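K.L.:
mind folding the following:
(2 chains)
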Amino acid sequence: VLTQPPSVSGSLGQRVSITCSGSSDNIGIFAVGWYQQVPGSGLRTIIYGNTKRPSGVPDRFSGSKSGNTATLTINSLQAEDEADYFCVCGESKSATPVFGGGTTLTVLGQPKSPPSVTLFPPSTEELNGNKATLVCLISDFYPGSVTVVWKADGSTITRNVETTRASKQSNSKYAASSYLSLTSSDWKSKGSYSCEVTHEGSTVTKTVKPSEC
Amino acid sequence: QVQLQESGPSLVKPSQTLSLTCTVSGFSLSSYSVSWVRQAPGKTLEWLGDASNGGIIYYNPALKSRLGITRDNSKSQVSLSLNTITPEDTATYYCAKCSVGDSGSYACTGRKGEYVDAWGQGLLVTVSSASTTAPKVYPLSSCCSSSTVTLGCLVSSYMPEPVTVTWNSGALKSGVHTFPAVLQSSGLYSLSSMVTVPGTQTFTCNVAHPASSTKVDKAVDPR
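P.N.:
Residues are numbered from 1 along each chain as shown, chains lettered A, B, ... in the order given. There you are, the coordinates:
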């Protein structure tokens, strides 16, 4: 697998770049291409063979490669360029193509906004069924990416966490939610749980304590 | 106008066989290779295989024992079957048309040659063992600290989408924020709706689930 940053921001009319990184087994030897996936829509081939644009792709898109890295460069950024961008490369060892994880590009079009976080503990009614679901609701953030970290008594929790992708709100900011699904015994077996939502380096955290609810 | 369209079941049970068909238009199928790619709910792209215009079918070796890909030139269709599925096969499935010419691209087949120049719409297929299931509705409250209490309802464990949520039969609209659903590892969806309000007012969420012909009203106590 190749590595590209999860997200990037740019300004209208100006230049942004997205770099994809691998090893001398893929990017050093073989050609790299770039796909554009526009929100709630399909894939579009932007670049093939390191530098080439298929017919109909505007020339403000360009590709390049140096060493074990490849780069998609977009000049004169337009709103329509907001998309997820994926690199693709050949692999010497394997037979398949390999892909980067995708870089989500935001073209800044409204004020940046931190997320509001509400964390709900499990209900008594749910605890009566011996199940406990903590609900973390995240709203009003812009740009539309956050990362969610769950903690119990200070330790990071990964299992039985389901987090949605961000989705556009009707006021053009973004929302998401995250669910921690436990049994009632698990829930009672910790002193405190926290939902920690980070957005552009700043983390917003909410906490619930079983002893208090 | 070059065009590719995936079709097949959008909901499949584990251990069954996922079968998709790709129907193409605006080009001569027999003249071009067609690849299958899939994208998991949050993850990256995974190449499945290619039905090359020479008659050779290339498979992702990690999935070869589960994959089948065939070509039907006389119907302008390429097909994919995937057996012994598990929830890990939930993904949006794409067929894609390759170029014709020796670039230095590996995107089409596994090997040096053509790139992908046109993408199908993509078909989201959900793998879940669950049949149609009405939701359980649980009240949500922040009773564990400001002066404006936040309430909600957890619409838990239903299938399939969608549900609709209102509060006080639609009389309460400002402050309501209903969120898109999550698909849990149980194979069922859940979503939450939240209301924030600034002393005898009561709050009831009305959850409707058309597929199971169910409507649930749950009173939420703003203690």
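
K.L.:
centroid-wise, who is the farthest residue in chain A?
P.N.:
Of all residues in chain A, residue A:128 has its C-alpha farthest from the mean position, at 35.7 Å, by Cα atoms, centre = their mean.

K.L.:
tell me how far that one lies from residue A:180.
P.N.:
Going from residue A:128 to residue A:180 by Cβ to Cβ, to the nearest Å gives 19 Å. C-betas here are computed from N, CA, C, even on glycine.

K.L.:
can you check residue A:99 too?
P.N.:
Taking Cβ to Cβ, one finds residue A:99 at 30 Å from residue A:180.

K.L.:
and the nearest residue to residue A:177 once chain neighbours are set aside, what does it touch?
P.N.:
Nearest non-adjacent residue to residue A:177, counting by Cβ to Cβ, 6 or more residues apart in numbering or on different chains: residue B:179, 4.7 Å away. Residue B:179 makes contacts with A:137, A:164, A:167, A:175-177, B:191-194, as judged by Cβ atoms under 8 Å, 6 or more residues apart in numbering or on different chains.

K.L.:
measure residue B:17 to residue A:114 for me?
P.N.:
For residue B:17, the distance to residue A:114 equals 47 Å [Cβ to Cβ].

K.L.:
scratch that, residue B:141 is what I was asking about
P.N.:
24 Å.

K.L.:
which of the two has more neighbours?
P.N.:
Higher neighbour count among residue B:141 and residue A:114: residue B:141, with 18 against 15, using other Cβ atoms under 10 Å in any protein chain shown.

K.L.:
and that one, what does it touch?
P.N.:
Counted by Cβ under 8 Å, 6+ apart, residue B:141 has contacts A:120, A:123, B:149-152, B:220-223.

K.L.:
let's see which of those residues end up in strands.
P.N.:
Mapping those onto strands (DSSP state E) picks out A:120, B:149-152, B:220.

K.L.:
which pair of the residues you listed spans the longest distance?
P.N.:
Using Cβ to Cβ, the pair of those lying farthest apart is A:120 and B:149, separated by 11.8 Å.

K.L.:
comparing those two, which residue is more hemmed in?
P.N.:
Shown here are residue A:120 and residue B:149; by other Cβ under 10 Å, residue A:120 has more neighbours (28 against 16).

K.L.:
list the contacts of that one.
P.N.:
By Cβ under 8 Å, 6+ apart, the contact set of residue A:120 is A:134-137, A:208, B:140-142, B:152, B:154, B:192.

K.L.:
what's the local residue count around the closest residue to chain B within chain A?
P.N.:
Among the residues of chain A, residue A:90 lies closest to chain B, at 3.2 Å counting by Cβ to the nearest Cβ. Residue A:90 has 24 neighbours, counted by other Cβ under 10 Å.

K.L.:
pull the contacting residues for it.
P.N.:
Counting by Cβ under 8 Å, 6+ apart, residue A:90 makes contact with A:26, A:29-31, A:97-98, B:105-106, B:111-112.

K.L.:
ok, 7 Å please
P.N.:
Listed by Cβ atoms under 7 Å, 6 or more residues apart in numbering or on different chains, the contact partners of residue A:90 are A:26, A:30-31, A:97, B:106, B:112.

K.L.:
tell me what residue A:48 is bridged to.
P.N.:
The residues listed as beta-bridge partners of residue A:48 by DSSP bridges are residue A:52.

K.L.:
residues touching it, list them.
P.N.:
Contact partners of residue A:48, counting by Cβ under 7 Å, 6+ apart, are A:33, A:54, B:103, B:105, B:107, B:115.

K.L.:
sec struct for the residue in chain B sticking out farthest from the centre, please.
P.N.:
Taking Cα atoms, centre = their mean as the measure, the residue most remote from the mean C-alpha position of chain B is residue B:199, 43.6 Å away. Of the three states, residue B:199 takes coil under DSSP: H, G, I helix; E, B strand; the rest coil.

K.L.:
what about the residue nearest to residue A:177, distance to residue A:2?
P.N.:
According to Cβ to Cβ, residue B:179 and residue A:2 sit 32 Å apart.

K.L.:
domains in chain A, as residue ranges please.
P.N.:
A:1-109, A:110-210 (curated CATH domains).

K.L.:
between those, which one is nearest to residue B:46?
P.N.:
The nearest among the domains of chain A, by Cβ to Cβ, is domain A:1-109 at 7.6 Å.

K.L.:
that closest one: how far from the chain's middle?
P.N.:
On the basis of Cα atoms, centre = their mean, to the nearest Å, domain A:1-109 sits 16 Å off its chain's mean C-alpha point.

K.L.:
how about residue B:211, phi and psi?
P.N.:
Per-residue torsions, residue B:211: phi -70, psi -30 (degrees, to the nearest 10).

K.L.:
where along chain A do the helices fall?
P.N.:
With DSSP state H as the criterion, chain A has helices at A:124-128, A:184-188.

K.L.:
in CSV, list the ones you listed along with distance to residue A:59.
P.N.:
Putting the helices of chain A into CSV (distance: least, Cβ to Cβ, whole Å) gives the following:
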stretch, distance to residue A:59
helix A:124-128, 57
helix A:184-188, 57
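
K.L.:
now these in JSON lines, with distance to chain B?
P.N.:
Shown next, in JSON lines, are these (distance: least, Cβ to the nearest Cβ, whole Å):
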{"stretch": "helix A:124-128", "distance to chain B": "5"}
{"stretch": "helix A:184-188", "distance to chain B": "13"}
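
K.L.:
got the contact list for the residue in chain B that chain A sits nearest to?
P.N.:
When scored by Cβ to the nearest Cβ, chain B has residue B:106 as its residue closest to chain A, at 3.2 Å. Applying Cβ under 7 Å, 6+ apart to residue B:106 gives the contacts A:30-31, A:89-90, A:97, B:112.

K.L.:
just give me the closest of those residues to residue A:201.
P.N.:
Taking Cβ to Cβ as the measure, residue A:201 sits nearest to residue A:89 out of the contacts of residue B:106, at 30.3 Å.

K.L.:
quickly list what the closest one is bridged to.
P.N.:
Residue A:89 has these beta-bridge partners by DSSP bridges: residue A:32, residue A:98.

K.L.:
residue 37: what's it in contact with?
P.N.:
Let's take chain A. The neighbourhood of residue A:37, defined by Cβ under 7 Å, 6+ apart, consists of A:43, A:83-84, A:86.

K.L.:
if you could check chain B rather than the one you did, that'd help
P.N.:
Residues in contact with residue B:37, defined by Cβ under 7 Å, 6+ apart, are B:45-48, B:94, B:96.
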